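Engineer: One structure follows; several queries about it will come next.
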Amino acid sequence: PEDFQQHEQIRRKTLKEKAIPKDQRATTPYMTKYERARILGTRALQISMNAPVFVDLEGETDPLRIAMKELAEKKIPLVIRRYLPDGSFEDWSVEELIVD
Amino acid sequence: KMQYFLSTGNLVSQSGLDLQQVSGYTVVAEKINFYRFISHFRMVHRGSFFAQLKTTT
Amino acid sequence: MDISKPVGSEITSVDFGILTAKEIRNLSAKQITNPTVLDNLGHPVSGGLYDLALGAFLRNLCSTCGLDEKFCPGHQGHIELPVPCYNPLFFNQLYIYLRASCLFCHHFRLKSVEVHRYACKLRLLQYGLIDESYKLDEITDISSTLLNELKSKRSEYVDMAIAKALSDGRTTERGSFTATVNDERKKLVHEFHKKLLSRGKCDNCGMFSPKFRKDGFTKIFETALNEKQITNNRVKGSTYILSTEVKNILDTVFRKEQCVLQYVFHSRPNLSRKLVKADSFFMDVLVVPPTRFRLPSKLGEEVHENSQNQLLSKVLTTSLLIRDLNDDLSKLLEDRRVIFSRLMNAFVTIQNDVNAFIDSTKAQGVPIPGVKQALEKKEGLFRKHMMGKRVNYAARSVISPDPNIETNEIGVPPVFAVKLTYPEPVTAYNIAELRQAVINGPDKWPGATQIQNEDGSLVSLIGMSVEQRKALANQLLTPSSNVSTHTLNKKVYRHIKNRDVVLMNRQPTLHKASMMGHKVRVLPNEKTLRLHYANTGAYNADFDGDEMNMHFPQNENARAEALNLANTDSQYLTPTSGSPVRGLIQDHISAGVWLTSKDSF
Amino acid sequence: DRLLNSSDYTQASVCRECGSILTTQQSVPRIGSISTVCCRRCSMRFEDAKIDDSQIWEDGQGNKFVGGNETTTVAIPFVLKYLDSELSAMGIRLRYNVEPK
Amino acid sequence: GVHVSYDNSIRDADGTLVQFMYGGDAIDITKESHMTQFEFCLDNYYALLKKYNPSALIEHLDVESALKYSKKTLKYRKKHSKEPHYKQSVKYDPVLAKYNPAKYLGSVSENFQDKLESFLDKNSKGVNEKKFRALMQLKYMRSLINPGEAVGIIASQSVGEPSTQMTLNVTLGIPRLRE
Amino acid sequence: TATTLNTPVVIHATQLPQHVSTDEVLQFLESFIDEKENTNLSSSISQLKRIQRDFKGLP
Amino acid sequence: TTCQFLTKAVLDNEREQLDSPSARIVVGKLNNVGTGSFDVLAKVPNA
Amino acid sequence: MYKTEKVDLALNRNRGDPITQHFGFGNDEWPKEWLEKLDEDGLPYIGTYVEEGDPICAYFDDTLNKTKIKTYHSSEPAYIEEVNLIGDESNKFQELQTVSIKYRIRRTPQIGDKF
Amino acid sequence: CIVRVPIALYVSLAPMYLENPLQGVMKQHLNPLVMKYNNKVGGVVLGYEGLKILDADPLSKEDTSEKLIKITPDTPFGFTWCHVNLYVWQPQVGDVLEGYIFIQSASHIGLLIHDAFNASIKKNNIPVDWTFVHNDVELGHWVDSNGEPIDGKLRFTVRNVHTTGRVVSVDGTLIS
RNA sequence: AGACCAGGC
DNA sequence: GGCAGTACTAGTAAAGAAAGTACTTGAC
DNA sequence: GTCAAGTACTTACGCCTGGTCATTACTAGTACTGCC
Ligand SMILES: Nc1nc2c(ncn2[C@@H]2O[C@H](COP(=O)(O)CP(=O)(O)OP(=O)(O)O)[C@@H](O)[C@H]2O)c(=O)[nH]1
Ligand SMILES: [Mg+2]
Ligand SMILES: [Zn+2]
Ligand SMILES: [Zn+2]
Ligand SMILES: [Zn+2]
């Protein structure tokens, strides 16, 4: 209770130190070939486990084709957490990243 | 003790003979082809000492 | 792996540690004691290597958790060795500390101000303070007045340097351990151990100790102190030493010099504040593995027990030999000699058993492989069973060439379009083509071979009839009759269709473009893979009987990477030079010499 | 998917405060009770530790004793469980500190 | 363990650093094939402009800052550098290890900077001069290696696979690589 | 039963428990019943109204 | 020499952070190189 | 392709303990489904078509009062060409325990075969 | 003896509640938790109050609606920390509990506490100086030292609390 | 599960 | 009719033609 | 203290398929039989 609270407030404060602010992020604005292959991948696992779909289904039954369609109109609600070698990170949403 | 030699190829001798290797002295004659079968009776092997050896000459 | 049975806990680190004899008297299920494995009519004997407390065995419930073979994970157990014995993994590091220490004051034979100089350089190396540890040397017959003053300033120089860098954002109290401070730590300890073993006299009390001798393993000797240097022993006003004797020496050494060995055996700082003890290098208690991991190799009726039992049987035979030898100590001058010379012989052989169990090369004796040799090489455990594994959901067949394939595809046989299968959970869009895939059955392509229910129930389809098979097609998209499984859905293991993704691969997998990802077009006739000619320049494959693997991935994180990331279209240029590897090879080039000629009309 | 998910995937119960794969094991429940997963190393014999009606559990031996219920599932390879079994026999102790504590 | 980080600085798995930038220029081998082939890309200018699409890719970038400092040093190095390497009091970083090459349009290496402007001065040729050097730099920036590439696997397979093309008075060949 | 989709993975305590009176119990039950109907936990809900009508009514 | 780097690791009480790809396959972690060099964070609309 | 395996009913015992397993059918309730592949002696017919799951030979066991059948453990369908009866070299004349059987398999040249 | 507990839990979230992250935690981890005993809390959970999801980024204020959940690499389910105030009912020894009669058995007074919670008073906890008349027609009533039939309420102490089985029960003694 | 033998690329 | 010799039996005990660094020992 | 001569120790391409073989001596015991 009092011992767990110090174990939590140290955990949430160091993880606040790792958060680079949204203006001071200096990595690339281009979504890499590795980030695209997981934004399509992890969203495709969600659609097959009955996630709400934000795109109109034109008779496509492959869930990966749905995620490929959702990336074209920027309708994927995922955020890339680009870790740094020190342990710090940057949070880029998919609609911010530009493809290819 | 001879049928064990032919069935296995291992050379169990308390005074190990004047040759280097100790295994692989018998090979199953195939009769999978007559070209294969006549080839077992003309083949000459140097030894199993020389197979596990990284030389070329 | 099931993608609907998630896990929430992650192993973040590991840290190696000595498993002391106190825990494995508490960890254990039952201490096992007789050197017999099983009696007449196949029963596991109690108190033996096969015991019902150590896990289930051969259609017989466990006596620790009470489960059968399918669910009991196997349980630990220990034996009691009556003598302490050497752990052969740590014997060479023990023989450094077995030597290099005075047998009289129980310090090391250096001066205690120079041993302290390594007790404070290593403390700086635990934290990220590699550079401050060289400044520490720059602090400079001889009385103990200024030696105590020198140890005071060095201890205050370290304590000033730690709290400065720990406050100036540089090093957490967990330490900062990188590669180049592992360079200087291993450079310092190998200088510390080189200088400990180079000593004539103890520089805290100036007299000698006899030299020791390592004959090999299973034995330890100390030689004869000569007649010239026993004079220095008298002015302070060959022999087989045992294993209780050596342990009693190092119990005193690690207490007089506790301040130094805390930094030799720790690379990050010891936050748990445990004490490094001499019992660490010894092992008073062996640990038998769980009996799941030493089940006997059944070959019809040719049943041989697993040979770790055969090594542990010899440990228990000598351990019940040496106790009855100690019964004759309770009986008792001529009989004193013969029963003690064979007792001292039994001191060697119980070490020679615990060596042979641990390492088959550290025991004199065709030999039985110990527990070290089930880890080391190719045909080990890391290389043979961790770095590379046998895999499910994969095929391998001879390849035949095929044009009229769209250069990013592989052509699968019907004998591979039936066995291989993919978990598709059903949704509001699958129930058209996956109701029809489950009506067709395991033999009709496109079909399905199993249905996984929400509850983990795995319903097969092989033995079913077609009228019973349509009844399970309508029960497919139904809500849950359980509150606990309302968020799941049924997985239909469908056959591999024309849209699936496949990783083809050919040995030797030299460069990364010898293992690509293809689409599939399912072919109807024969039992061979159909590869296009543009792919064969990058697999380095000819059609004189090459066979090559076909790995079929099992979730949507892996279909999305053999289509986008290990895609064969993206493997056009090899990254060696930047030169392409894909292109038409032999006949399609000699056609272009005739087609783009001036004669072709 | 090759080296872990479709070769030897297993979900094994792991103790949070031990960090040990092959220590925790099933408790033998009473009639009408549910069985729970419980750790051997961070336990204590009930004759030693003199209780709150739920930390007490029992073997199939009949040795009933209180214990640490600080355990949870971790998806590991199964050969990791065989790695610790041939490494505890050496007297080495691997410690698996899981992240959510 | 070694791989590209998000700092455009390739390094090992524990965090220790091997190179500050991949090859000194951080561009992928499988994309730098047609990069110095300028007269190829000049003849296919209107077709390459349909895939690199300049006006759609200015808005997430900074064009102004990196092109300045690429002229502050090129003016310095062309005026100087008659003298050898130990004499050069440099006064300037190379322009590629100061700004981010995957975000700042114009941060190029000092051979792609020279061989562009040399080709753009050896001849003179409707596409003008300013629309061309603003497209090679868009091509160069898009030819950057991605953060996360397995470099040391590719670097161990670029030696290990051509090593098996020697089989299958100085010492020579595969017994040299052992030494 | 008793999976990670039914149970929390890790569960602890933020602060030490402090006692409440009948007012904090009955202000809860005029809100916890309010925010539930206005979903197969109705066997627990019927056992809540036997505590809500304990401090107000009679069985 | 797997049990010579095993003795040198346990006599340091060495705590390895599971960073190398060879250490994440022994314990079954996702590999740090490439697709597993980052996490994926699903935005949820409500609070 | 001619393949041959040896059915040996005496792989378990040693030195004069009695013959617990006999060829042929006993008097339990064994199903009539394997008269098509088996003769009255518990042995197959010469020329029958055998795929996986079909019985190779039947035998009656005395310690169970049950006719167990051995089955064809191969996924490639075959025809039975010949069935031997192998006696033993012994002074005491014994009921047979060893039957050798030869299969033939049509290897019509499929694609992928090396010429 | 109702007490209030603030807790910190680590729960999973399903893709079907990626449009409603609040009630997805409710219908999985909180609604199957009410009216059950819980070891890590202390007693029987009566309910919850004020669920708050700890957002993963430490830069967004707690007023914001668009929070974000870390996704497991293998499975598409998201794990998160949350805060909620449970109201839990824990009986402890020494305290006195009102006991309302539910079953009149000859060996036990097996009653209800607050019309929901079962309790037990064994016959040996009942002192010897009280009697019980038989019931031949159709389980009658215990006769105390007052000589009156018992009915309904009783304030008695706590001897033990048995929680291992299906529902909770409170063992009560009659010495004080 | 090994030891050997015969292979295939 | 029963005694002792062998022949077996099943029973439980022993099994010499590759290359690099690290290392203690050892003359001095 | 420094430098040796000799030791002891570890490595040695990937994948795939078939076949065969597998503890021995002996030692004490129960039983078989020849015998008087
Ligand atoms: N790593 C290994 N690869 C092998 C081995 N044996 C064969 N191979 C592979 O199989 C192929 C065999 O090629 P060959 O020995 O027949 C030389 P050949 O001139 O006949 O090739 P073609 O001109 O294609 O006929 C070659 O590409 C090798 O990469 C081996 O022992 N190890
Ligand atoms: Mg070939
Ligand atoms: Zn068990
Ligand atoms: Zn001393
Ligand atoms: Zn524990």
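Residues in the structure tokens are named by chain (A, B, ... in the order shown) and by number from 1 within that chain; ligands are numbered from 1 in the order shown.
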Give as number ranges by chain the residues surrounding ligand 2 up to a distance of 7 Å, considering only C-alpha atoms (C1' of nucleotides) and all ligand atoms.
Structural biologist: C: 541-546; J: 9
Engineer: Could you turn the residues from that selection into a file that holds N, CA, C and O atoms (P, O5', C5', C4', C3', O3' and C1' of nucleotides), as a PDB file, in the first residue's frame?
Structural biologist:
ATOM      1  N   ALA C 541      19.502 -22.708 -57.419  1.00  0.00           N
ATOM      2  CA  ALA C 541      18.812 -23.986 -57.517  1.00  0.00           C
ATOM      3  C   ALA C 541      18.779 -24.469 -58.956  1.00  0.00           C
ATOM      4  O   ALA C 541      18.374 -23.729 -59.854  1.00  0.00           O
ATOM      5  N   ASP C 542      19.200 -25.706 -59.166  1.00  0.00           N
ATOM      6  CA  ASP C 542      19.010 -26.415 -60.420  1.00  0.00           C
ATOM      7  C   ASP C 542      18.002 -27.535 -60.219  1.00  0.00           C
ATOM      8  O   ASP C 542      17.689 -27.923 -59.097  1.00  0.00           O
ATOM      9  N   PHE C 543      17.470 -28.057 -61.316  1.00  0.00           N
ATOM     10  CA  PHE C 543      16.379 -29.021 -61.216  1.00  0.00           C
ATOM     11  C   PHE C 543      16.850 -30.447 -61.446  1.00  0.00           C
ATOM     12  O   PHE C 543      16.153 -31.255 -62.058  1.00  0.00           O
ATOM     13  N   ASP C 544      18.045 -30.774 -60.969  1.00  0.00           N
ATOM     14  CA  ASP C 544      18.519 -32.155 -60.951  1.00  0.00           C
ATOM     15  C   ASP C 544      18.236 -32.837 -59.613  1.00  0.00           C
ATOM     16  O   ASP C 544      19.099 -33.483 -59.026  1.00  0.00           O
ATOM     17  N   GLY C 545      17.007 -32.719 -59.130  1.00  0.00           N
ATOM     18  CA  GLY C 545      16.656 -33.321 -57.864  1.00  0.00           C
ATOM     19  C   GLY C 545      16.878 -32.459 -56.647  1.00  0.00           C
ATOM     20  O   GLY C 545      17.095 -32.997 -55.558  1.00  0.00           O
ATOM     21  N   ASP C 546      16.844 -31.138 -56.787  1.00  0.00           N
ATOM     22  CA  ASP C 546      16.819 -30.289 -55.606  1.00  0.00           C
ATOM     23  C   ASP C 546      15.464 -30.367 -54.930  1.00  0.00           C
ATOM     24  O   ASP C 546      14.423 -30.288 -55.583  1.00  0.00           O
TER      25      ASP C 546
ATOM     26  P     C J   9      22.687 -35.548 -56.531  1.00  0.00           P
ATOM     27  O5'   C J   9      22.573 -33.990 -56.248  1.00  0.00           O
ATOM     28  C5'   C J   9      21.355 -33.308 -56.483  1.00  0.00           C
ATOM     29  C4'   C J   9      21.187 -32.139 -55.551  1.00  0.00           C
ATOM     30  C3'   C J   9      22.250 -31.061 -55.627  1.00  0.00           C
ATOM     31  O3'   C J   9      22.060 -30.178 -56.717  1.00  0.00           O
ATOM     32  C1'   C J   9      21.775 -31.560 -53.361  1.00  0.00           C
TER      33        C J   9
END
Engineer: Enumerate residues in contact with ligand 3: an atom-to-atom distance of at most 10 Å, counting only C-alpha atoms (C1' of nucleotides) and all ligand atoms. Format the result as a list in words.
Structural biologist: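 I would give the residues around ligand 3 as residues 29, 52, 53, 54, 55, 56, 57, 61, 62, 63, 64, 65, 66, 67, 68, 69, 71, 72, 73, 74, 75, 76 and 290 of chain C; 25, 26, 27, 28, 59 and 60 of chain D.
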Engineer: Would you mind exporting N, CA and C atoms of the selected residues as a tab-separated table (two decimals), in the first residue's frame?
Structural biologist:
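Listed below is the output, again.tsv:
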chain	number	residue	atom	x	y	z
C	29	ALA	N	10.83	-32.03	-3.56
C	29	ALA	CA	9.64	-32.83	-3.32
C	29	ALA	C	9.91	-33.91	-2.28
C	52	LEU	N	7.07	-41.30	-7.13
C	52	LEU	CA	5.85	-40.61	-7.49
C	52	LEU	C	5.80	-39.19	-6.95
C	53	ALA	N	6.72	-38.82	-6.06
C	53	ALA	CA	6.82	-37.44	-5.62
C	53	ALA	C	7.54	-36.57	-6.65
C	54	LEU	N	8.42	-37.16	-7.45
C	54	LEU	CA	9.19	-36.43	-8.45
C	54	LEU	C	8.45	-36.25	-9.77
C	55	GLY	N	7.14	-36.44	-9.80
C	55	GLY	CA	6.40	-36.32	-11.04
C	55	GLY	C	5.74	-37.63	-11.44
C	56	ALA	N	4.78	-37.56	-12.35
C	56	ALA	CA	4.11	-38.76	-12.82
C	56	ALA	C	5.04	-39.59	-13.70
C	57	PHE	N	4.78	-40.89	-13.75
C	57	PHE	CA	5.64	-41.81	-14.49
C	57	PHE	C	4.84	-43.01	-14.95
C	61	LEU	N	-0.23	-41.73	-11.27
C	61	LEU	CA	-0.41	-40.34	-10.87
C	61	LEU	C	0.72	-39.88	-9.96
C	62	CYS	N	1.02	-38.59	-10.04
C	62	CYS	CA	2.03	-37.99	-9.18
C	62	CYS	C	1.54	-37.92	-7.74
C	63	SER	N	2.49	-37.84	-6.81
C	63	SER	CA	2.18	-37.74	-5.40
C	63	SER	C	2.54	-36.38	-4.82
C	64	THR	N	2.89	-35.41	-5.67
C	64	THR	CA	3.15	-34.05	-5.24
C	64	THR	C	2.02	-33.10	-5.62
C	65	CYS	N	1.61	-33.10	-6.89
C	65	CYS	CA	0.45	-32.34	-7.31
C	65	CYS	C	-0.75	-33.20	-7.67
C	66	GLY	N	-0.55	-34.50	-7.85
C	66	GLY	CA	-1.66	-35.40	-8.11
C	66	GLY	C	-2.22	-35.30	-9.52
C	67	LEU	N	-1.35	-35.34	-10.52
C	67	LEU	CA	-1.76	-35.28	-11.91
C	67	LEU	C	-1.13	-36.44	-12.67
C	68	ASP	N	-1.61	-36.64	-13.89
C	68	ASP	CA	-1.10	-37.69	-14.76
C	68	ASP	C	0.10	-37.17	-15.55
C	69	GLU	N	0.52	-37.93	-16.56
C	69	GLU	CA	1.67	-37.56	-17.37
C	69	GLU	C	1.41	-36.30	-18.19
C	71	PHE	N	-0.17	-33.57	-17.50
C	71	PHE	CA	-0.34	-32.29	-16.83
C	71	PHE	C	0.68	-32.04	-15.74
C	72	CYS	N	1.25	-33.09	-15.16
C	72	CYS	CA	2.26	-32.91	-14.13
C	72	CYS	C	3.57	-32.45	-14.76
C	73	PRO	N	4.08	-31.27	-14.41
C	73	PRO	CA	5.29	-30.76	-15.08
C	73	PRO	C	6.58	-31.39	-14.60
C	74	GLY	N	6.54	-32.32	-13.66
C	74	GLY	CA	7.75	-32.85	-13.07
C	74	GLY	C	8.22	-31.99	-11.92
C	75	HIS	N	8.82	-32.60	-10.90
C	75	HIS	CA	9.15	-31.88	-9.69
C	75	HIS	C	10.59	-32.14	-9.30
C	76	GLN	N	11.20	-31.14	-8.66
C	76	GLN	CA	12.59	-31.23	-8.26
C	76	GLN	C	12.76	-32.19	-7.09
C	290	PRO	N	13.67	-33.38	-12.59
C	290	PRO	CA	12.34	-34.00	-12.61
C	290	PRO	C	12.33	-35.20	-13.54
D	25	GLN	N	3.97	-25.14	-8.80
D	25	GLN	CA	3.28	-26.38	-9.13
D	25	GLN	C	1.86	-26.30	-8.61
D	26	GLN	N	1.05	-27.28	-8.99
D	26	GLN	CA	-0.38	-27.24	-8.68
D	26	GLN	C	-0.64	-27.60	-7.23
D	27	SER	N	-1.64	-26.94	-6.65
D	27	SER	CA	-2.12	-27.28	-5.32
D	27	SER	C	-3.24	-28.29	-5.44
D	28	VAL	N	-3.28	-29.23	-4.50
D	28	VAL	CA	-4.35	-30.22	-4.45
D	28	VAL	C	-5.52	-29.60	-3.69
D	59	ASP	N	-0.08	-30.53	-0.53
D	59	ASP	CA	0.40	-31.41	-1.57
D	59	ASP	C	-0.55	-32.59	-1.75
D	60	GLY	N	-0.11	-33.59	-2.50
D	60	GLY	CA	-0.78	-34.87	-2.53
D	60	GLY	C	-0.13	-35.81	-1.53
Engineer: Tell me, as number ranges by chain, which residues lie within 12 Å of residue 32 in chain L, counting only C-alpha atoms (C1' of nucleotides); anything in the same chain fewer than 6 positions away does not count.
Structural biologist: K: 4-8
Engineer: Please list as a PyMOL selection string every residue within 12 Å of residue 24 in chain L, counting only C-alpha atoms (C1' of nucleotides) and excluding residues in the same chain fewer than 4 positions away.
Structural biologist: chain K and resi 13-15
Engineer: Can I get the selected residues back with N, CA, C and O atoms (P, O5', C5', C4', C3', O3' and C1' of nucleotides), as a PDB file, in the first residue's frame?
Structural biologist:
ATOM      1  P    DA K  13      24.379 -57.815  -7.974  1.00  0.00           P
ATOM      2  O5'  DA K  13      25.696 -57.479  -8.826  1.00  0.00           O
ATOM      3  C5'  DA K  13      26.977 -57.935  -8.383  1.00  0.00           C
ATOM      4  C4'  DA K  13      27.945 -58.071  -9.549  1.00  0.00           C
ATOM      5  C3'  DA K  13      28.589 -56.769 -10.025  1.00  0.00           C
ATOM      6  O3'  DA K  13      29.936 -57.010 -10.433  1.00  0.00           O
ATOM      7  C1'  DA K  13      27.363 -57.734 -11.797  1.00  0.00           C
ATOM      8  P    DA K  14      31.024 -55.825 -10.404  1.00  0.00           P
ATOM      9  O5'  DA K  14      31.569 -55.760 -11.904  1.00  0.00           O
ATOM     10  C5'  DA K  14      32.791 -56.408 -12.255  1.00  0.00           C
ATOM     11  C4'  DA K  14      33.075 -56.284 -13.745  1.00  0.00           C
ATOM     12  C3'  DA K  14      33.621 -54.932 -14.202  1.00  0.00           C
ATOM     13  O3'  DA K  14      34.538 -55.111 -15.281  1.00  0.00           O
ATOM     14  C1'  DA K  14      31.512 -55.323 -15.211  1.00  0.00           C
ATOM     15  P    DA K  15      35.610 -53.965 -15.650  1.00  0.00           P
ATOM     16  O5'  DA K  15      35.280 -53.608 -17.177  1.00  0.00           O
ATOM     17  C5'  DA K  15      35.458 -54.586 -18.196  1.00  0.00           C
ATOM     18  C4'  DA K  15      34.615 -54.262 -19.417  1.00  0.00           C
ATOM     19  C3'  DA K  15      34.936 -52.923 -20.101  1.00  0.00           C
ATOM     20  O3'  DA K  15      35.319 -53.138 -21.456  1.00  0.00           O
ATOM     21  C1'  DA K  15      32.596 -53.228 -19.840  1.00  0.00           C
TER      22       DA K  15
END
Engineer: Output the contact residues of chain A with respect to chain C at a cut-off of 8 Å, based on only C-alpha atoms, as a ChimeraX atom specification.
Structural biologist: /A:33-34,37-38,40-42,44-45,48-50,59-61,64
Engineer: Please provide the set of residues having any atom within 8 Å of range 27-31 of chain G, restricted to only C-alpha atoms (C1' of nucleotides), with same-chain residues fewer than 5 positions apart removed, written as a PyMOL selection string.
Structural biologist: (chain C and resi 11) or (chain D and resi 4+75-77+80) or (chain G and resi 21+36-37) or (chain I and resi 73)
Engineer: For residue 18 in chain K, work out the shell of residues within 8 Å, counting only C-alpha atoms (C1' of nucleotides) and skipping chain neighbours fewer than 3 positions away, then give it as a PDB file with C-alpha atoms, in the first residue's frame.
Structural biologist:
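The file below, around-v1.pdb, is the result:
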ATOM      1  CA  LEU B  53      40.910 -35.487 -42.145  1.00  0.00           C
ATOM      2  CA  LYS B  54      41.164 -31.967 -43.568  1.00  0.00           C
ATOM      3  CA  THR B  55      44.034 -32.593 -46.004  1.00  0.00           C
TER       4      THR B  55
END
Engineer: As a list in words, please: every residue in range 2-31 of chain G that a backbone DSSP assignment puts in helix (DSSP H, G or I).
Structural biologist: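 The residues of range 2-31 of chain G classed as helix (DSSP H, G or I) are residues 7, 8, 9, 10, 23, 24, 25 and 26 of chain G.
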Engineer: Only N, CA and C atoms, please: the residues just picked out, written as a PDB file, in the first residue's frame.
Structural biologist:
ATOM      1  N   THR G   7      30.464 -20.547 -16.374  1.00  0.00           N
ATOM      2  CA  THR G   7      31.093 -20.325 -15.079  1.00  0.00           C
ATOM      3  C   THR G   7      31.518 -18.875 -14.921  1.00  0.00           C
ATOM      4  N   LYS G   8      32.004 -18.258 -15.998  1.00  0.00           N
ATOM      5  CA  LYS G   8      32.406 -16.862 -15.926  1.00  0.00           C
ATOM      6  C   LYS G   8      31.215 -15.928 -15.804  1.00  0.00           C
ATOM      7  N   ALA G   9      30.022 -16.371 -16.192  1.00  0.00           N
ATOM      8  CA  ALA G   9      28.830 -15.548 -16.049  1.00  0.00           C
ATOM      9  C   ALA G   9      28.198 -15.665 -14.675  1.00  0.00           C
ATOM     10  N   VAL G  10      28.278 -16.834 -14.044  1.00  0.00           N
ATOM     11  CA  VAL G  10      27.685 -16.999 -12.724  1.00  0.00           C
ATOM     12  C   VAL G  10      28.638 -16.569 -11.611  1.00  0.00           C
ATOM     13  N   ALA G  23      20.232 -14.132 -27.169  1.00  0.00           N
ATOM     14  CA  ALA G  23      19.722 -14.239 -25.812  1.00  0.00           C
ATOM     15  C   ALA G  23      18.210 -14.144 -25.742  1.00  0.00           C
ATOM     16  N   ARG G  24      17.564 -13.659 -26.794  1.00  0.00           N
ATOM     17  CA  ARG G  24      16.117 -13.528 -26.823  1.00  0.00           C
ATOM     18  C   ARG G  24      15.437 -14.737 -27.440  1.00  0.00           C
ATOM     19  N   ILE G  25      16.204 -15.712 -27.919  1.00  0.00           N
ATOM     20  CA  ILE G  25      15.659 -16.927 -28.509  1.00  0.00           C
ATOM     21  C   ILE G  25      15.769 -18.038 -27.472  1.00  0.00           C
ATOM     22  N   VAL G  26      16.786 -17.942 -26.612  1.00  0.00           N
ATOM     23  CA  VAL G  26      16.900 -18.837 -25.464  1.00  0.00           C
ATOM     24  C   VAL G  26      15.715 -18.654 -24.525  1.00  0.00           C
TER      25      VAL G  26
END
Engineer: Using DSSP assignments from the backbone, pull out every residue in range 355-398 of chain C that falls under strand (DSSP E or B) and give it to me as a ChimeraX atom specification.
Structural biologist: /C:394-398
Engineer: Do me a favour and pick out the residues of chain L within 12 Å of chain B, using only C-alpha atoms (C1' of nucleotides), as a list in words.
Structural biologist: residues 12, 19, 20, 21 and 22 of chain L
Engineer: Any idea which chain G residues end up within 12 Å of chain L if we count only C-alpha atoms (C1' of nucleotides), as a list in words please?
Structural biologist: residues 1, 2 and 4 of chain G
Engineer: Ligand 4: which residues are within 9 Å, counting only C-alpha atoms (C1' of nucleotides) and all ligand atoms? Reply as a VMD selection string.
Structural biologist: chain C and resid 101 to 110 201 to 209
Engineer: Restricting it to C-alpha atoms, dump the selection as a tab-separated table (two decimals), in the first residue's frame.
Structural biologist:
chain	number	residue	atom	x	y	z
C	101	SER	CA	46.01	-17.39	1.11
C	102	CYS	CA	47.87	-17.72	4.39
C	103	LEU	CA	46.79	-20.75	6.40
C	104	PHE	CA	47.54	-18.94	9.69
C	105	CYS	CA	45.87	-15.51	9.75
C	106	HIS	CA	43.46	-16.51	6.93
C	107	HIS	CA	44.14	-13.45	4.80
C	108	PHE	CA	45.55	-13.58	1.32
C	109	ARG	CA	49.32	-13.56	1.20
C	110	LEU	CA	49.52	-10.02	-0.18
C	201	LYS	CA	55.26	-15.00	2.46
C	202	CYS	CA	52.12	-13.56	3.97
C	203	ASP	CA	52.64	-9.80	4.15
C	204	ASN	CA	50.38	-9.47	7.20
C	205	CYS	CA	52.27	-12.03	9.30
C	206	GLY	CA	55.61	-12.90	7.81
C	207	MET	CA	55.70	-16.69	7.62
C	208	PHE	CA	55.15	-19.38	5.01
C	209	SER	CA	52.37	-21.76	4.01
Engineer: List all protein, DNA and RNA residues that have at least one atom no more than 9 Å from any atom of ligand 5, counting only C-alpha atoms (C1' of nucleotides) and all ligand atoms, and write them as a list in words.
Structural biologist: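 Counting only C-alpha atoms (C1' of nucleotides) and all ligand atoms, the residues within 9 Å of ligand 5 come out as residues 14, 15, 16, 17, 18, 19, 20, 23, 24, 38, 39, 40, 41, 42, 43, 67, 68, 69, 70 and 71 of chain D.
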Engineer: Give me, as JSON, numbers by chain, the contact residues of chain H against chain C at a cut-off of 7 Å, counting only C-alpha atoms.
Structural biologist: {"H": [111, 112, 114]}
Engineer: I need the chosen residues saved as a CSV table (one decimal), in the first residue's frame, with N, CA and C atoms.
Structural biologist:
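Contents of part-v4.csv, as written:
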chain,number,residue,atom,x,y,z
H,111,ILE,N,6.1,-37.0,-62.3
H,111,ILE,CA,7.0,-35.9,-62.6
H,111,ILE,C,7.8,-35.7,-61.4
H,112,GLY,N,9.1,-35.2,-61.6
H,112,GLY,CA,10.0,-35.1,-60.5
H,112,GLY,C,10.9,-36.3,-60.3
H,114,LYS,N,14.0,-38.6,-61.2
H,114,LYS,CA,15.2,-38.3,-61.8
H,114,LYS,C,15.5,-39.3,-62.9
